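Given next, in structure tokens, is a single chain: the form deposited without its partner chain.
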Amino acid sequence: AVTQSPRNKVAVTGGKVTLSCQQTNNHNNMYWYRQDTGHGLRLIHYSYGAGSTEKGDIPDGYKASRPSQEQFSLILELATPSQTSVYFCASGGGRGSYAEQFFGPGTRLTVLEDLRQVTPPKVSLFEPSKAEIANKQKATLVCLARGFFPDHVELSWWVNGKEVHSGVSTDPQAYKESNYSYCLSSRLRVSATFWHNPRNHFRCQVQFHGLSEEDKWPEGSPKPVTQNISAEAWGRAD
């Protein structure tokens, strides 16, 4: 396995950030990459072995350290907005030989001007109108998450208390509705029959990752501590 810590992080410009990657594959090579929405997966730094590191394609503003065979760290001495990205660690084989690499789950790192910019979402449920289009339905229910910042969210659906995976259609990425606000929508489809059973329960849940343990909230306001937001509705009669 390949693991990353933290999985999500907000940093203020000029702060120091350390991203650690641990592997249990006893591989000699490790890699740190970033993936920018639009751009490809680019290599920052890599390592051929415990104790050594090499510059990849875009090393500027990053340092790397390989203190043991298992660990590969990425260090951002003075974080800049331009370092906002999704970071991926990998272990394995040769540089560019992707068939031989095993990737970590990724880490979302957002470098912001001020922590007070962190805002959890508003989550709501709506029923789409079939009246509006000549073609079929528009999904049973629509879940809308908006006004949140940064975009470190996970949306899931739950019917009668069990998470669902089928009949779900979530926006692939959050849309920047404004300067420091995002929007995310998802559609759920169930049998009209099912939706008209008032015994059925639907829940749209959004996991929000804001401040971490190690983040000091500037005094003046109460600290936002919200982690999970949910919007629920029961079926309608048939």
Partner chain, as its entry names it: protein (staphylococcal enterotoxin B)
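Numbering follows the first chain given and starts at 1.
Only in words, not in the display: the form solved in complex with its partner chain, which the text now covers.
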Review point. For this chain shown on its own, do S5, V12 and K16 all sit within 4.5 Å of its partner chain in the bound PDB entry, going by heavy atoms?
Key: no
Review point. Quick one: is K138 in contact with its partner chain in the bound PDB entry, heavy atoms, 4.5 Å cut-off?
Key: yes
Check your understanding: Would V153 sit within 4.5 Å of its partner chain in the bound PDB entry, counting heavy atoms only?
Key -> no
Exercise for review: Report yes if any heavy atom of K176 sits within 4.5 Å of a heavy atom of its partner chain in the bound PDB entry; otherwise report no.
Suggested key: no
Review point. Would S52 count as touching its partner chain in the bound PDB entry under a 4.5 Å heavy atom rule?
Key: yes
**Study point:** Stretch 172 to 209 - residues with a heavy atom within 4.5 Å of its partner chain in the bound PDB entry
**Key:** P172, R187, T193
